[PDB]
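Have a look at the structure below, then the notes.
Scope of the values below: all heavy atoms of this structure, side chains included, with no hydrogens, waters or symmetry mates. Throughout, a chain's letter reflects where its sequence line sits, starting with A, and its residues are numbered from 1.
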Number of protein chains: 2
Amino acid sequence: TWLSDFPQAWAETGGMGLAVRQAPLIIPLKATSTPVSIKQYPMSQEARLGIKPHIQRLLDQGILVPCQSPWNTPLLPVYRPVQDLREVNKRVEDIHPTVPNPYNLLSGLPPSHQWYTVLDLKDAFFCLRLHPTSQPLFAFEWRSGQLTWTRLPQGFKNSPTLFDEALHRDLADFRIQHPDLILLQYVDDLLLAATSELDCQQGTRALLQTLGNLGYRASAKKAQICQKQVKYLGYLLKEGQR
Amino acid sequence: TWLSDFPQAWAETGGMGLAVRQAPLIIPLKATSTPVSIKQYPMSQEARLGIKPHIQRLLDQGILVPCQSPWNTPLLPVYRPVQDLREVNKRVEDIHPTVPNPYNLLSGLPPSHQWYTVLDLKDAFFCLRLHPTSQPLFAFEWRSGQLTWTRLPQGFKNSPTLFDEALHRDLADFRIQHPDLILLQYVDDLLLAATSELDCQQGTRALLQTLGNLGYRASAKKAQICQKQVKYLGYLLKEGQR
DNA sequence: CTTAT
DNA sequence: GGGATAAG
DNA sequence: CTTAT
DNA sequence: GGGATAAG
């Protein structure tokens, strides 16, 4: 099956990802920024007990580490943690947004290619390491002491663009080696298109092999493999329509 | 004095005006209009007693007359009567607004003419008769029976423009007979300008003579006669400035 | 008094 | 959207 | 919890 | 202008 033949490529079997070819990211601050330290508003026991097993799993995975930082932003009770990074985002230098909008992205899908595979990458931002100099930016309090992220965090304003650019670099060779395949990238949402079912099969095997090798992980549960009709970015792609 | 020499021209001495050269005005309705009859909301005794001597004076002057009309609009308690003519105005055909705005009107005052007389005409709209066919438009209730206006009423949307146009017709000959005078008309607010005090004096006498003869009446109390500096349309005209 | 802004 | 406001 | 719309 | 709302 597709699962057993690519155990490294699937999140279900290959473990948490880590983009091994990507240098740990340095996050430049705006020219005038200084650290901001916001007090953690006290969390109810109910919310703390809800968040706790997630924090422990992230610590075990090395995605969170203890630290002491002049930066601090609060965790919200939503349970699983959401960080209010708005004051950090204001202090980080802006980058040009290079993620295309889905409508324009789908224009690059010609009617000759009608065999589709759709993959979504699991915990995509966590696959990108943060440089130790930038890790303290994202610190928060956990009860006492601070923790921070060693990977690109949720809620950081530049994570979608940085991830899209990183995966484009890592898949550039795949594109060159398979010039007859169409590969659309929308951050962690991927579409591969081919002319024949065989070509889609061969291309999907190469893409999964490459993704796992690079340290990314796709969701086996949600994968749509070598279908004539798939759901991608909120569209139903059928008959070459939409 | 200016008062004693022109007893017909001043409202204080000449009685209520009546523009004897102007045909009674016919007020055209919009193509689809039918009469509207709005119930008089009951008025307090205090407001009725306040309004009463004004109604009696207007009846004595012939400016109000009894009538029966399919039109009716309410009187408001403000005492002296104000009519809510909004539903009548909506049903009357629009006319082009030809009254100039004061800023543009004052542009026509050259620096050569710096001797000024300012007159304001008293009860100006009441000087214009309404044709009997149009009188029922403006009916209201007075306690029981209806009254209506035999002269152009306050609150009617076209009264300023119709009055301005009427007085322009009545003063056209005055302008031709005094080509060296500047005469600005803003509805009932008049400015006469001349080069010398004598010319202003002579021109003011001719203008008052003509106004009284035509049936208009100026306020002696407010008249500014042959001054180098006057208040007109909210401006202070001094040094040829403003 | 109701009604446009 | 509504109540404070100005105006007929 | 705070805060932009 | 403020309270209901969505989002970090």
Side-chain angles (χ1 to χ4, degrees), chain A residues 27 36-51 54-55 64 71-92 94 125-126 137-143 146-149 151-163 187, chain B residues 27 36-51 54-55 64 71-92 94 125-126 137-143 146-149 151-163 187:
Chain A
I27 303 304
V36 58
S37 185
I38 300 163
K39 71 159 260 165
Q40 177 69 53
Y41 324 95
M43 189 169 308
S44 71
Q45 179 179 282
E46 171 178 74
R48 182 162 60 259
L49 286 172
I51 293 176
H54 299 292
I55 299 290
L64 285 173
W71 300 84
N72 199 79
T73 44
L75 292 183
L76 322 156
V78 175
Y79 291 95
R80 192 172 117 240
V82 181
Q83 200 169 2
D84 180 4
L85 284 179
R86 286 175 300 173
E87 289 296 318
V88 161
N89 284 331
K90 294 176 181 186
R91 286 162 172 84
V92 167
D94 287 297
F125 297 165
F126 288 169
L137 244 189
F138 300 107
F140 60 96
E141 188 179 321
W142 182 251
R143 310 180 337 106
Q146 286 171 296
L147 304 177
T148 198
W149 302 93
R151 315 289 184 86
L152 197 56
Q154 299 291 152
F156 171 49
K157 63 164 175 196
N158 293 160
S159 293
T161 296
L162 292 171
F163 183 84
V187 195
Chain B
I27 303 304
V36 58
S37 185
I38 300 163
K39 71 159 260 165
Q40 177 69 53
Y41 324 95
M43 189 169 308
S44 71
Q45 179 179 282
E46 171 178 74
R48 182 162 60 259
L49 286 172
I51 293 176
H54 299 292
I55 299 290
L64 285 173
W71 300 84
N72 199 79
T73 44
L75 292 183
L76 322 156
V78 175
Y79 291 95
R80 192 172 117 240
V82 181
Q83 200 169 2
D84 180 4
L85 284 179
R86 286 175 300 173
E87 289 296 318
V88 161
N89 284 331
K90 294 176 181 186
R91 286 162 172 84
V92 167
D94 287 297
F125 297 165
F126 288 169
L137 244 189
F138 300 107
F140 60 96
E141 188 179 321
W142 182 251
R143 310 180 337 106
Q146 286 171 296
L147 304 177
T148 198
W149 302 93
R151 315 289 184 86
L152 197 56
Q154 299 291 152
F156 171 49
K157 63 164 175 196
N158 293 160
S159 293
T161 296
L162 292 171
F163 183 84
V187 195

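When every heavy atom of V36(A) is checked against every heavy atom of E87(A), the shortest pair comes out as CG1-CB, 4.0 Å. Here the shortest heavy-atom pairing between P153(A) and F125(A) reads O-CD1, 4.3 Å. For the residue pair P81(A) and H54(A), the shortest heavy atom distance occurs at CD-CB, 4.0 Å.
A straight line from CD of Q154(B) to P of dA7(D) spans 15 Å, rounded to a whole angstrom. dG8(D) atom P lies 15 Å from atom CG of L75(B), rounded to whole Å. Distance CZ (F125(B)) to P (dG8(D)): 11 Å, rounded to an integer number of Å. The distance from atom CD of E46(B) to atom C1' of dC1(C) is 15 Å, rounded to the nearest whole Å. Rounded to whole Å, atom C1' of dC1(C) lies 14 Å from atom CD of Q83(B). Summarising the geometry, the separation between CZ on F140(B) and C1' on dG8(D) is reported as 14 Å, rounded to the nearest angstrom. Going from atom CZ of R80(A) over to atom P of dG8(F) covers 14 Å, rounded to whole Å. Across the protein-nucleic acid pair, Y79(A) atom OH and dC1(E) atom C1' stand 13 Å apart, rounded to whole Å.
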Got a list of protein N/O to nucleotides 2-4 of chain E N/O distances below 3.5 Å?
{"unit_1": "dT2(E)", "atom_1": "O2", "unit_2": "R86(A)", "atom_2": "NH2", "d": "2.7"}
{"unit_1": "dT3(E)", "atom_1": "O4'", "unit_2": "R86(A)", "atom_2": "NH1", "d": "2.9"}
{"unit_1": "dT3(E)", "atom_1": "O4'", "unit_2": "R86(A)", "atom_2": "NH2", "d": "3.2"}
{"unit_1": "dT3(E)", "atom_1": "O2", "unit_2": "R86(A)", "atom_2": "NH1", "d": "3.4"}

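Only one option out of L85(B), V88(B), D94(B) pairs with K157(B) in a side-chain contact (heavy atoms from CB on, under 4.5 Å); it is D94(B).
Below 30°, between 30° and 60°, or above 60°: for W149(A) and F140(A) the angle between ring planes is between 30° and 60°, a tilted geometry.
Counting heavy atoms from C-beta on, the side chains of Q154(B) and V82(B) never come closer than 4.5 Å.
In a base pair of the Watson-Crick type (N1 to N3 plus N6-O4 or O6-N4) or a G-U wobble (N1-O2 and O6-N3), with each distance short of 3.5 Å, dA6(F) is matched with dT3(E).
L76(B) comes within 4.0 angstrom of a nucleotide base, judged by non-hydrogen atoms across all strands.
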